[PDB]
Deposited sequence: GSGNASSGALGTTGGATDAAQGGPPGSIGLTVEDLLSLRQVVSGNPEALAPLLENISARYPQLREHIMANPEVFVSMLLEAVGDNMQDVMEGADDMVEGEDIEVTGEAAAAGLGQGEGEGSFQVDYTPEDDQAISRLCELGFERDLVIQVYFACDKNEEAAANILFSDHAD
């Protein structure tokens, strides 16, 4: 699971002290980490240890670079929840994402 240090830190804070943030946090993570799907289905006990292992306000945002690209793609007339999926699947490639949306 290719979780950056930033993301693992957020995941641990959210699961331990602010579980009410699970919804926006997991929507953000499962979108940027497509492989998470398989690892959770196949080996949940690994993901669990990683969380128990890991260790004045916050919010879950997308990078300003990604936010702008995502909305730029939406103006091509696509559902935002779709665009967010393909964008992070095309390893954050704007042109590759447009094609997968139209053609694919």
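Numbered from the first deposited residue, the unresolved ranges run 1-27, 83-119, 169-171.
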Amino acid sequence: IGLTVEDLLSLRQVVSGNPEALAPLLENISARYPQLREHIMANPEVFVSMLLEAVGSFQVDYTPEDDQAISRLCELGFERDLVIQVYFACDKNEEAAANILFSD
From here on, numbers count along this sequence of modelled residues.
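For the segment pair 24-32 and 72-80, the entry gives 72-80 the higher mean B-factor, averaged over Cα atoms. Checked against the record, the higher mean CA B factor of 14-22 and 92-100 lies with 92-100. When the CA B factors of the chain's modelled residues are split into thirds, the value for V60 lands in the lowest one.
Placement of the Cα temperature factor of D66 within the chain: middle third of the modelled residues, per the deposited record. Per the PDB record, residue ranking by Cα B-factor puts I40 in the middle third of the chain. When the CA B factors of the chain's modelled residues are split into thirds, the value for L52 lands in the middle one.
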